[PDB]
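Student: In their complex positions, the first chains:
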Amino acid sequence: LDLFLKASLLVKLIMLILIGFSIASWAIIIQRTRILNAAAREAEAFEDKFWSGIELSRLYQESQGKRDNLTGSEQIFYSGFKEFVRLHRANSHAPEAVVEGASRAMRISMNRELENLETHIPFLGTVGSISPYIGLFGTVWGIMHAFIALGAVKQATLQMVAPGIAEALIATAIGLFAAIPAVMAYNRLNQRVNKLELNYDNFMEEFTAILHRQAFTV
Amino acid sequence: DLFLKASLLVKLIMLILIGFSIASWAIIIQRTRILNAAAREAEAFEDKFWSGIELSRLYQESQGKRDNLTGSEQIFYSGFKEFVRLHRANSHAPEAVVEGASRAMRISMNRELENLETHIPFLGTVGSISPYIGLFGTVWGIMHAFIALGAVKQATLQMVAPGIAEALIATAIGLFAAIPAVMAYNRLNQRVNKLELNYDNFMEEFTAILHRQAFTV
Amino acid sequence: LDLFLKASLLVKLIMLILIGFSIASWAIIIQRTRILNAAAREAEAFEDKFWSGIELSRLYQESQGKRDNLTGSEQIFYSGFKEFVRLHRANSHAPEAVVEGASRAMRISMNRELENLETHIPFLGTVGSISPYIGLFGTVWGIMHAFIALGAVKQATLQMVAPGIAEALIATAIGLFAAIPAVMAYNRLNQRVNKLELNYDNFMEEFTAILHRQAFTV
Amino acid sequence: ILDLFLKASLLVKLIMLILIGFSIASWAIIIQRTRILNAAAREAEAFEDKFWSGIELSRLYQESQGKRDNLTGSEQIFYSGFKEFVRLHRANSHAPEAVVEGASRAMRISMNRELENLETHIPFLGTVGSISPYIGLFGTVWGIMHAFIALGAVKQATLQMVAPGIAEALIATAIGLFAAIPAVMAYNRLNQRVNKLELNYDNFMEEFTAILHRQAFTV
């Protein structure tokens, strides 16, 4: 701040823009990381409990004891089984036809789970790519100002142009801040979210198999 | 503010960069507009299907608006059209018709895609090649000014910087063009992949139900 | 002004090989884009000509005269159909083996066709993979010669080593010349290769399926 | 001889600590990864040989419980899949497809659990390999500007107060480059070897699932 102040308002403007991206990026990192990590182990807890010698209707009524606060594979189970029973009700689709609607219900619930867990993620990719280029956008403009100023003055060999390009290089430095955490967070959260996606996906396939078995026996 | 002083090569570079920049913004506006539109119509169509509507009724409605049948529902229209065309030719088999039906759905899919993204590769390659164009501008400016530097030797302390700035503005405008392209590229790509998955699921379930129940009818 | 008859006659050779690489890569781009466009154009044409609804025998009768003039899916279909008829005539003890025989004929035809179809792309992959390294080596050699020259001049005056360092900077600048176009063409055209071979792939399995159903009906 | 932190600004010290112990962590990951990968590898051939070494189907399961908890890899996959298989079979489980799909379920899930719990800390290597030179460049460019702004306070090319800035520049770039090598040494080799592990684990998967398929249609 002491040596930051430059007459060109664009420098201050773009630096504040980058600082705002810095705030948004770190807030997104910590918040999405905590939420995603918390949601992670619930999937394996459900995986263990689901097949631990229990009855499906018992789990369904248990979920009905945990209404309208439901997240994760529990929500997938609730949506799938409610769709199954409602479409399995008397005078409804065939036993082999209910499973398609149930699959759609589970699948749209699964998608919704993705984006409402994957909310702010693409912003990290958006900011990471542009930030160094924005830093260069600033520094080229600052260098233009400094060099047109140098075009008129005589002598002053390298003893006056110092700030005119130093407060230009700081633009690249701030752009270099903005790039680092964003890209690593984007990557690591992408692999973790795709892991969860694969978990929910397979769970959907063998759960459709289970529903087909039930329709065969029910 | 040195366009007229720019050389012919620099003239060409700056002109192509500004043209591609304006093209990039136009692409963003128009293509995201139609993307959001097609998303709304796709959601509406998905809501309409599995609403108890008979397939023949939906086919007739599509015939009513066949000329303006833009969106995902043209997949359904093409699939049903191929299905009835194959069914009229009764010299067929239960699994013979479905193969051709799937082919019709997937070629209609490719049609809908190649309509859905046209200039997205242009955004990718312009974002890739913009700083190289800036490199062309800078190197040409630097050598052209160094010719004058070698013409007269007095250490040329002061009368170099204007030429350096007039060479650097090439990269300035190049990366200025790059910014919208690079932000919009992945932004639109992920939406395109989402729509692709939606259509893939639609095709899968459509062939499934056609093979299962529509075989009788 | 060329500014070319000034160096140590090695960085000049580096520039010559670089410009030659760029020209060769550009010619490869032109040729492979042209042939890929032609193959793409022929793709859907054979698609609808095949699945217009005509008999397989009629399609083969249309072929078998353009044998050496066939290309792409034409050659694939001709080779596989020829192997099919040959094996069916010869063996007569293949209730369900003629299908795998035809499948393997199709597969080897595809393997040779694709060996023909992406011949020169790995050259672009290599030249795009090497340009910045060789360019950086060239400028390193140039600045090496420039600094080796400056070892006797009193006061260590630096303005007199200007041409050597300037042409070294040119060498790295021209060193990066083919780097970006080569890799860009590499990626972009490889995507087209991937989609075309996927077209060939789905062609493959529906052809195998229809031959599977139809072969044993004779 | 390493008079680094004694004359060090806040930022240079920050990046140096952010990178040095980070690199030693990079080597610790190397040691742990190579240890576990070699341990699993040597087990792989031995177990796969014992698959068809005359050990009938039940006998391997009966002898597996000796190391029930301390069990990993393909043998652990066998244990989980077969114990839940016999759990289902001891009940009615009339549908052969039901038991077959339960087997596929258990096999693939246990195979996953092994694949991740063995495959740990790996993308961190790629992350460091990416950002280690960029952090060094940050330190260097900040050092450049910090001295270059001060250069605009004197007239002659004094070059006496810039030397600490030059030292900061060299230190930043050197430490940033330091971690680049082991990162890429880890990433590609570890990923390829883990891919081979996934490949032969999948081999085991389809193999013994086919065995269980034929066994279910046998009983």
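Tutor: Received the coordinates, thanks. Residues are numbered from 1 along each chain as shown, chains lettered A, B, ... in the order given.
Student: Quick check: which element contains residue A:127?
Tutor: Using DSSP states H and E, residue A:127 falls within helix A:121-150.
Student: when you scan that helix, is anything in it near chain B?
Tutor: Yes. Counting by CB under 8 Å from any CB of the partner chain, chain B has neighbours in helix A:121-150: A:122, A:125-126, A:129-130, A:133-134, A:136-137, A:140-141, A:143-144, A:146-148, A:150. Every C-beta, even on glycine, is put in place using the N, C-alpha and C of the backbone.
Student: Filter those residues down to the buried ones and hand me the PyMOL line.
Tutor: With 16 or more other CB atoms under 10 Å in any protein chain shown as the criterion, this PyMOL line picks the buried residues out of these:
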select buried, chain A and resi 125+126+129+130+133+134+136+137+140+141+143+144+146+147+148+150
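Student: Run the contact check for the helix holding residue A:127 versus chain D.
Tutor: No. Judged by CB under 8 Å from any CB, helix A:121-150 stays clear of chain D, getting no closer than 9.5 Å.
Student: Now do that helix against helix D:122-151, angle only.
Tutor: 20 degrees (axes from the mean of the first three to the mean of the last three CA atoms, to 10 degrees).
Student: residues in contact with stretch A:139-149?
Tutor: Stretch A:139-149 has contacts (CB atoms under 8 Å, 6 or more residues apart in numbering or on different chains) with A:6, A:8, A:10-11, A:161, A:163-165, A:167-169, A:171-172, B:161-162, B:164-165, B:168-169, B:171-172, B:175.
Student: onto the same structure, chain E please:
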Amino acid sequence: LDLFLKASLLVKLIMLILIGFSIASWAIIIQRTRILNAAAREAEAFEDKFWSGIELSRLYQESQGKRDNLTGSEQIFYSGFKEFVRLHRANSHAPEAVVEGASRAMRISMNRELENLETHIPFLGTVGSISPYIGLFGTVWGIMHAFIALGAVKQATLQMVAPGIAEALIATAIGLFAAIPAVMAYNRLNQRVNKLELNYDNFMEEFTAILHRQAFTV
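Tutor: Let me add chain E to what's already shown:
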């Protein structure tokens, strides 16, 4: 010895390990190229020899005595037929169940051939990655120890530092020198290796189909 051979304090290891990797690449390229081309030629020789009227047993007993020179695709042939003979002679399981052991045999032989054919390709990629990195590892330290150990605080007579700067910069040049052979070798043998295990996989599928078909008859 074109300019210097002084072998400075850290140049004992730096630049020496670099020339070590250089000679390693320059020898591994010729060795791998020769053996890969020989293995290829032998591979398609056996491939187009395979489709004769000779039955499996005749070729097997013919190739039984080859042994030490029996490598390549014949290695997979000999293995698969050997375990086929062992299991088929011991009639204790289903006739279809020999295919699992056959698949084991062919796959392990395939991996065995790929291992000793690959050999140092991963090492070529290793050097290609690390060439510039070790090149620039010590270049900065050299100049650091050069000017930090300057005699006087100022020493305006700086005519003897530039040779030291170039001497330290030698590391970058020689390090990046090994990059070009390394990357060229890596990718240019990589595509050939892909061609290899592809056509070996094709032969493996051929063997699987033949043995699965004749097991139910032979």
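Student: coming back round to it: ok now the helix holding residue A:127, how far from the chain's centre?
Tutor: With CA atoms, centre = their mean, to the nearest Å as the basis, helix A:121-150 stands 25 Å off its chain's centre.
Student: How about stretch A:100-109?
Tutor: With CA atoms, centre = their mean, you get 23 Å for stretch A:100-109.
Student: got it, and stretch A:197-209?
Tutor: Worked out by CA atoms, centre = their mean, stretch A:197-209 lies 22 Å from the chain centre.
Student: OK, contacts around the residue in chain A positioned nearest to chain D?
Tutor: Residue nearest to chain D within chain A: residue A:162 (2.8 Å; CB to the nearest CB). By CB under 8 Å, 6+ apart, the contact list for residue A:162 reads D:148, D:149, D:151, D:152.
Student: Closest to chain A out of those residues?
Tutor: The closest of those to chain A turns out to be residue D:152 (CB to the nearest CB; 2.8 Å).
Student: and whichever residue of chain A sits closest to chain C, how many neighbours?
Tutor: Residue of chain A nearest chain C, by CB to the nearest CB: residue A:157 (11.8 Å). Residue A:157 sits with 12 neighbouring residues when counted by other CB atoms under 10 Å in any protein chain shown.
Student: what do you get for residue A:25?
Tutor: That count, for residue A:25 with other CB under 10 Å as the rule, works out to 23.
Student: mind adding chain F? sequence follows:
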Amino acid sequence: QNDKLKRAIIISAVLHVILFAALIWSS
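Tutor: With chain F added, the chains above now look like this:
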């Protein structure tokens, strides 16, 4: 969630201001 995002924003603001104070102390 927006209140939790504002909480994280406050935490990030604290981190950035203390780092900036360290920067000014260095310079």
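Student: Take the neighbour count of residue A:25 again, chain F included.
Tutor: 24.
Student: Likewise for residue A:199?
Tutor: For residue A:199, using other CB under 10 Å, the count is 19.
Student: same question, residue A:69
Tutor: Residue A:69: 7 surrounding residues under other CB under 10 Å.
Student: Helices along chain F, start to end?
Tutor: Listed in chain order, the helices of chain F (DSSP state H) span F:3-26.
Student: what sits against residue A:66?
Tutor: residue A:74.
Student: Distance of it relative to residue A:210?
Tutor: 21 Å (CB to CB, to the nearest Å).
Student: before we move on, back to that, is there proximity between the helix holding residue A:127 and chain F?
Tutor: No. Shown here: helix A:121-150 not in contact with chain F (CB under 8 Å from any CB), separated by at least 12.0 Å.
Student: Which residues are in contact with residue 3?
Tutor: Going with chain A. By CB under 8 Å, 6+ apart, the residues touching residue A:3 are A:163, A:166, A:167, D:149, F:27.
Student: quick one, phi/psi of it?
Tutor: Per-residue torsions, residue A:3: phi -100, psi 0 (degrees, to the nearest 10).
Student: and if you look at residue A:92?
Tutor: Per-residue torsions, residue A:92: phi -140, psi -160 (degrees, to the nearest 10).
Student: and the residue nearest to it when sequence neighbours are not counted, how many neighbours?
Tutor: Leaving aside its sequence neighbours, residue A:92 sits nearest to residue A:98 (CB to CB, 6 or more residues apart in numbering or on different chains; 7.0 Å). Residue A:98: 22 surrounding residues under other CB under 10 Å.
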